[PDB]
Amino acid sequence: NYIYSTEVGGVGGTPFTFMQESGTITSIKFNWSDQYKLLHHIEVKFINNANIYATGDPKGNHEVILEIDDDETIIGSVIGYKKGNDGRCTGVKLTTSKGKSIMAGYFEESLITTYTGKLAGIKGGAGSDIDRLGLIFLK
């Protein structure tokens, strides 16, 4: 029932997959640094679940939170990354069906304009940084 957007960035870090049976993302938080121009940390909350799912190390000087209403879809999604095996995820731009938008981090190297729809989860790898990030949507 799920669309797996390409995981962009490097092969490093510990695999993470954040999804909950018959749940969608209601909040996503990106942390990033001016020093490294990378995402370092991501937090996700799901509908009807007070648990915070976190990956990476929150060492950056900036954070943005996007709250998503239960009926609100992603109509516009770009992930900035550095390509290749030693790659990293550098930024995320999201626009929603209600005209909400966020811009986290940087877009100086490589971009993916992802699939769109109701954001259900995320997947990738993280240690100090977000090595690799892929979105997951409903069909």
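Counting begins at 1, following the sequence as shown.
Averaged over CA atoms, B-factors in the entry run higher in 17-25 than in the other of 17-25 and 114-122. Checked against the record, the higher mean CA B factor of 47-55 and 61-69 lies with 47-55.
For the set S33, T90, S77, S101, the PDB entry assigns the largest Cα B-factor to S101. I3: CA B factor lies in the highest third for its chain, per the PDB record.
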